[PDB]
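Inspection log for the structure reproduced underneath, given as structure tokens.
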Amino acid sequence: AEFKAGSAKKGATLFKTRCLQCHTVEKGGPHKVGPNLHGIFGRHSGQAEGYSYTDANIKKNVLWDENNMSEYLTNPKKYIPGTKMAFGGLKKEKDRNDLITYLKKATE
Ligand code: HEC
């Protein structure tokens, strides 16, 4: 289960079609249904300012690096049981690689 760099342009389209409805990426962006994801890489789960998380997300206690992010997005409910993120996952590894490649650039 390992991250390789991919197309940033493809993961931008995957983000907008699958994530943007619940999330934002810019600094000082609004919390919508899910939390703003700025500075997500390097931070642990459940740690964005002013967002009310489920205990499941906090208690998971994992660093959001590229591999843990990729495992989470394969199937969120399996990785964090009781998470309120209503998302089934991205099954293809290529799509997760592309999304993370985009999301690392967008969220810093
Ligand atoms: C709602 C319809 C969502 C969609 C679609 C996606 N996400 Fe989400 N995400 C959502 C919520 C409500 C939460 C909070 C988790 C909880 O149960 O408390 C999340 C959480 C995440 C996280 C973890 C953030 C953290 O721990 O600080 C990540 C990394 C995340 N979401 C990413 C993400 C991606 C990449 C998506 C599409 C590809 C996506 N989410 C869709 C709500 C919703």
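A simple rule links phi to the HN-Hα coupling: the Karplus curve 6.51 cos²θ - 1.76 cosθ + 1.60 with θ = phi - 60°, which for region 64-72 gives 7, 9, 6, 6, 5, 4, 5, 5, 4 Hz, with x for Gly and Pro. Can you give the FRET efficiency for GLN21 and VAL62, using 1/(1 + (r/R0)^6), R0 = 30 Å, r = Cβ-Cβ distance, to the nearest 0.05? It comes out at approximately 0.80.
Remark: for residue pairs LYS32/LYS92; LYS16/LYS60; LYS4/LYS91; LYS4/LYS27; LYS77/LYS105, the C-alpha separation exceeds 20 Å in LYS32/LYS92; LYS16/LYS60; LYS4/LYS27; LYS77/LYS105.
Note down the Stokes-Einstein diffusion coefficient of the chain in µm²/s, whole number, using a Kirkwood radius over alpha carbon pairs, 10 °C, and 1.306 mPa s. After rounding, the answer is 115 µm²/s.
The string of couplings for region 77-93 from the Karplus curve (6.51, -1.76, 1.60, θ = phi - 60°) is 5, 6, 5, 10, x, x, 5, 8, 4, 7, 8, x, x, 10, 6, 6, 5 Hz, one whole number per residue in order, with x for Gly and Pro.
Working from Cα pairs under 8 Å separated by at least six residues, relative contact order for the chain is 38 percent.
FRET efficiency for the pair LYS77 and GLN47, taken as 1/(1 + (r/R0)^6) with r the Cβ-Cβ distance and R0 = 30 Å, rounds to 0.90. Karplus-derived 3J(HN,Hα) values for region 37-42, using 6.51 cos²θ - 1.76 cosθ + 1.60 with θ = phi - 60°, are 9, 5, x, 5, 6, x Hz; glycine and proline are entered as x.
Entry note, the chain: the mean residue ellipticity at 222 nm calculated from DSSP H runs of n ≥ 4, each adding -39500 (n - 2.57), is -12000 deg cm²/dmol after division by the residues and rounding to the nearest 500.
Cβ sites come from the backbone with ideal geometry, for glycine too, and all protein chains shown count toward neighbours. Read the figures in this text as sums done on the coordinates, not as results from a lab.
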